[PDB]
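In what follows, a single structure is set out as structure tokens and then discussed.
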Amino acid sequence: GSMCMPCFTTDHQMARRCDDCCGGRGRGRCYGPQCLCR
């Protein structure tokens, strides 16, 4: 699908994990329930 992985609001480190998914610092964004690589 579109997402690299999910983003869950209950996960306070969601933005860091999402970046990790997307290849490093500033590369992913949590947009609603999806981590999307920029």
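Residue numbering: from 1, along the chain as shown.
The header says X-ray crystallography, 1.8 Å.
Cβ from N, Cα, C; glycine included.
Only one of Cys18, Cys21, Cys22 is recorded by Swiss-Prot as the disulfide partner of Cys37: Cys22.
Partner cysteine of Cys18, as given in Swiss-Prot, is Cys35 (from among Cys4, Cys35, disulfide bond). Listed in Swiss-Prot as the disulfide partner of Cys4, from the options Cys7, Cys21, is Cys21. Long-range Cβ contacts of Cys21 (disulfide bond) within its own chain (separation 6+, distance under 8 Å): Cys4, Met5, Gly28, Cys35, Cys37. By neighbour count, meaning other C-beta atoms within 10 Å, the densest spot among the disulfide-bonded residues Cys7, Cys35 is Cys35. Long-range C-beta contacts of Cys18 (disulfide bond), restricted to its own chain and to partners at least six residues apart, with a cutoff below 8 Å, comprise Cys4, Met5, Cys7, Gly28, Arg29, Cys30, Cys35.
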